[PDB]
Every structure is written in C-alpha cells, then in structure tokens.
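Below you'll find only one chain, the form deposited in one PDB entry, shown as structure tokens.
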C-alpha cells in the first residue's frame, strides 16, 4: 500500500512517468490521509506539480483540450490535498501557490475543458476557505481574487457560480473581509451589482444552493452600516415579494436568512 504510493510520488518528478502517477494518486487521495505531507516534503514533488500547471499557460489564445484539462486537474486535486491538510496548509498558503491558478480563473472560454479547469481551480480556493483561518482571507484580499469570483458569479457555469459565491461568502463572513469590501462605494457596489443580476437570473432559472449563498451574502453585507443603507434602496425587489416563496419551502435556513435580511434593512 504505502510502497506503491511512494513509488507513484517519486514518479511525479519525471515526465516519463508523471502522467500515470498523477492519475493514480488523484484516485487514492481520499484513502491516503497523509498524502499531503508526503507530497510537500518529497524532494522535487511540488515543483513537478507546479510544472503541470505552468505547462498549461500556452493553451490560454484558448486551445485547452479535454485531455490537457483532465491531466492538469489531477495535479490540481493533489494540490488541493496540500491546501487542506493541517500539517501543510500554512506553508502552502505562505508559498502563494494559489497564485499559479489565477491565470486559469481569468479565462472566459465556455468549452467543457475550460469550465472543468476553472471549477477545479475554484475548488482549491474553496478548500482553503473551508479551514476558516484568518491568514486565508488576508491572502485572498491581497491577491485580487474578488473580481475573479465576481465575474464567475456573473457568467460562470452553475457549479462554478456556486463555488465562487461560496468563496465570496467566506470573505464577507470574516470581519476584515466585510470591512475591506465596504471600504469604498466602488468596492461595495461591484459586489452588490453582481448579486442583483444573480437574483434576476435566479428568478428565471431556480438553483436553491446558489440562492442560499446569495441571500447569505446580502445578509452579511447588511451588518455593515453603509452597505445596509445602500441595500435599503437597491435591494432587488424579488427578495421582497413572493418570487422565491415557493422554492424556499425546503430551505428553512435560507427562508429565515432572507427574513433577517429584510428586517435588518429596516433597522
């Protein structure tokens, strides 16, 4: 067991064997809880995973194929293991490794290879914020991810919309993130304008998981005094009538969050 794993890890550092090792290790990442520190502390291994990432950049005139996307997403999945493990997450963050994925998030092509690439990249950021440490939000605030999230929230695939809104929610929920987002009208209104478009979209094609995150974001913004005052005027009307009444029967948490939002705007 642990022998065949160390052999695959060693085989990541040669182009002759890397592709097969990426496929095999990504399949076992859940059955190996110490896979992340094994990767991080193995000579040459992180550089080899990053080489898979950088080798995709020339495919960004967008020409990424399904095969290229699947291979690099296997490397991304191993990086996500490192992102989330308690023994490696801090060093991973301090090494700025998520920055290598931002060229992927900047793509707009709608082909299936690029959608899967962005979704998987977003998953790596999702793994970080799910650990709930304040170092993570600081990294996101100082790397300009917020515009990337907002644009994906605006026009991404339904799955990418959800992860990106989830990431913004985690930024908002942090006291420093909320203050950062509300620091200027320009920052606040970039967020509020995208949320309002998403509300309109949701009123025509339901998505309960996306609706919950959007409501949560509005509710958290209303904790900030100036955001609260602006939202009292710009809150989409579909959040105040019965547009979402039907679809919110199951979502008792979200139905409650919306009620709290509507009240907060009045106080």
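Residue numbers count along the first chain shown, from 1. What we label the rigid core is the largest C-alpha set whose atoms superpose within 1.5 Å from one form to the other.
For the pair 26 to 34 and 210 to 218, greater average C-alpha departure from the shown form in 8 other deposited structures of this protein after core alignment is found in 26 to 34.
Per the record, residue 60 and residue 61 are separated by 1 to 3 deposited residues that are missing from the model. When the mean C-alpha temperature factors of 238 to 246 and 41 to 49 are read from the deposited coordinates, 238 to 246 comes out higher. Comparing the deposited coordinates for 203 to 211 and 220 to 228, the stretch with the larger average C-alpha B-factor is 203 to 211. As recorded in the entry, 134 carries the highest CA temperature factor of 134, 120, 80, 165. Residue-level temperature factors show residue 36 in the middle third of its chain, judged at the C-alpha atom.
Among the modelled residues of its chain, residue 155 has a C-alpha B-factor that falls in the middle third according to the deposited record. When the CA B factors of the chain's modelled residues are split into thirds, the value for residue 187 lands in the middle one.
Among the modelled residues of its chain, residue 26 has a C-alpha B-factor that falls in the highest third according to the deposited record. Per the PDB record, residue ranking by Cα B-factor puts residue 70 in the lowest third of the chain.
What comes next is about the form deposited with a partner chain bound, which does not appear here.
Relative to the partner chain in the bound PDB entry, residues 66, 119 and 163 are all within 4.5 Å by at least one heavy atom. Under a 4.5 angstroms non-hydrogen atom cutoff, the partner chain in the bound PDB entry has residue 70 among its neighbouring residues. Although the partner is absent here, residue 123 lies within 4.5 Å of the partner chain in the bound PDB entry, judged by heavy atoms.
Among heavy atoms of residue 159, some come within 4.5 Å of the partner chain in the bound PDB entry. The shortest heavy atom separation between residue 190 and the partner chain in the bound PDB entry exceeds 4.5 Å.
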